[PDB]
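Only one chain is included here, represented as structure tokens and corresponding to the form solved without the named molecule.
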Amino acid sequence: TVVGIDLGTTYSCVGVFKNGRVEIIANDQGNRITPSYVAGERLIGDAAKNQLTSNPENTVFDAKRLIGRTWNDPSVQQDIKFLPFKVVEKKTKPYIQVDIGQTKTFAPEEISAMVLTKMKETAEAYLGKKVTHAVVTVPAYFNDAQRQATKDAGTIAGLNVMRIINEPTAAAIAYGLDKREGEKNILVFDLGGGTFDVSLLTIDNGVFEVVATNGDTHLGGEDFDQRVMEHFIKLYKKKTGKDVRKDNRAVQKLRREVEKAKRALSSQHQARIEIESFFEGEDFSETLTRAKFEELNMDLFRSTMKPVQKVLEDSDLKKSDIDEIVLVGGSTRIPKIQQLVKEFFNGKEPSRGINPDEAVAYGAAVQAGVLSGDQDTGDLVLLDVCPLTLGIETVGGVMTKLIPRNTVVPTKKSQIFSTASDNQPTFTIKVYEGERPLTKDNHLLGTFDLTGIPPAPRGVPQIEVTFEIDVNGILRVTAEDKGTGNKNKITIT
């Protein structure tokens, strides 16, 4: 069976379509999203990320920033300034050098391969079978090199990447926006852990097109965490006099608490940050209000509107021209974000229902099912049918059908006719092809007579007219006096 994988900058997610529903699969730790992190032993996911504070030089993350790019790419030269691990050119490509005290050099797609191996190892456990096929998502702005590099990361991990799909397109498919009538302008607002992407999608009768894209490559949920961590470190110093910044474990534990507290503030107006051994055996427990969280981050929040205005004016659209707003990324749970977006679109409510950090993985899994042979319902048999309507002329030049259009061949169909006059001694069978009610508007294929009808009043004699089509398309029309056994036939080609 084939799975859907969201391979994100900061977190990755895996889903699958089974028993008429998509299932987002939790990992060994029970988390439905896995950090895109790799760190004597080799660690992948939550374990690797927990090591960052103590061993930054040899903890690899944000490989998606480098994948399928050249060393002299201004984006690469900019990003390597703030990455703690060693990035070196080799044949014009950026390579990551870490200490396993063995030193090793990894291509970005090799780090991504390890992350995909973990997501593959998450789905196999749940399903109880080996996973060999996947639909993998990429940002809409990815070029062929970045798409191929992502394909190669799947191949190294032992997956047949059937399709590579745009992240905004996958989000739209999760909300079933592909299964509506007419044309729709859709904005995708994607605020992830480390990246902000805005995408203007057009859908005209099932067909998706990415009109324009914008955002900020260095804005995400983790920037909101940093602002809160700053606040509580400053406050703890003021409350006590202990500076905590250089205590690896203190910052590690504070980050965990701020992440969970932030998520609670998406549901409630107050959350408690409780650390048990914060610094030198001292406990720390404080309340963070929603109001205080919003105050610390309001300028970051307001900055997400600027790229939204740019995609609109780059695509020659007004706010009014937008039909749907789809929210993607964990950070779009933040009530103030949803409030700002709604305010921006003069009272229009963004689309919600799917957990916004699972939306891309959900949509990937839907397309996965569409290419999955496991979802087999029932088989078809081709029918041989007659493309034309065949019949005979009745009193008044009326078209009486014996073989309707799309009747299956071979066939034998009989209808009973009688005389239109008292002691009528003969019938003329006039064979017609066409759809019109008067035979004058239809095509004559031929005629024959049936003579020697014994005398009787009108409507009393009983004649069976039979139309026979065999395999060759040979039409054979028979008229039989059922009373006597009198017969005549014609064969039309």
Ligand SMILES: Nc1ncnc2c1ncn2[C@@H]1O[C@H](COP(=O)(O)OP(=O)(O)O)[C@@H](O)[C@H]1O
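For every residue, the number given is its place in the sequence shown, counted from 1.
One more form of this protein, deposited with the named molecule bound, exists but is not displayed; see below.
A.B. asks: Looking at 375-383, 306-314, 255-263, 270-278, which one sits within 4.5 Å of the named molecule in the bound PDB entry if you count heavy atoms only?
C.D. replies: It is the stretch 255-263.
A.B. asks: Among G369, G221, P94, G215, which has any heavy atom within 4.5 Å of the named molecule in the bound PDB entry?
C.D. replies: When the named molecule is considered in the bound PDB entry, the option within 4.5 Å is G221.
A.B. asks: Looking at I334, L200, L177, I165, which has any heavy atom no more than 4.5 Å from the named molecule in the bound PDB entry?
C.D. replies: Partner contact (heavy atom, 4.5 Å) among the options: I334.
A.B. asks: Kindly confirm or deny that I5, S112 and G154 each have some heavy atom within 4.5 angstroms of the named molecule in the bound PDB entry.
C.D. replies: No, the whole trio is out of contact, none within 4.5 Å by any heavy atom.
A.B. asks: Is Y11 a contact residue for the named molecule in the bound PDB entry, using a 4.5 Å heavy atom cut-off?
C.D. replies: Yes, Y11 is a contact residue.
A.B. asks: I'd like to know whether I33 contacts the named molecule in the bound PDB entry, with contact meaning heavy atoms within 4.5 angstroms.
C.D. replies: So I33 counts as contacting the named molecule.
A.B. asks: Any chance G192 has a heavy atom within 4.5 Å of the named molecule in the bound PDB entry?
C.D. replies: It does: once the named molecule is placed as it appears in the bound PDB entry, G192 has a heavy atom within 4.5 Å of it.
A.B. asks: Please determine whether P139 contacts the named molecule in the bound PDB entry, using a 4.5 Å cut-off between heavy atoms.
C.D. replies: Outside the cut-off, so no.
A.B. asks: Determine the residues of 70-102 with a heavy atom within 4.5 Å of the named molecule in the bound PDB entry and present them in sequence order; the list may be empty.
C.D. replies: Counting only heavy atoms within 4.5 Å of the named molecule in the bound PDB entry, no residue of 70-102 makes contact.
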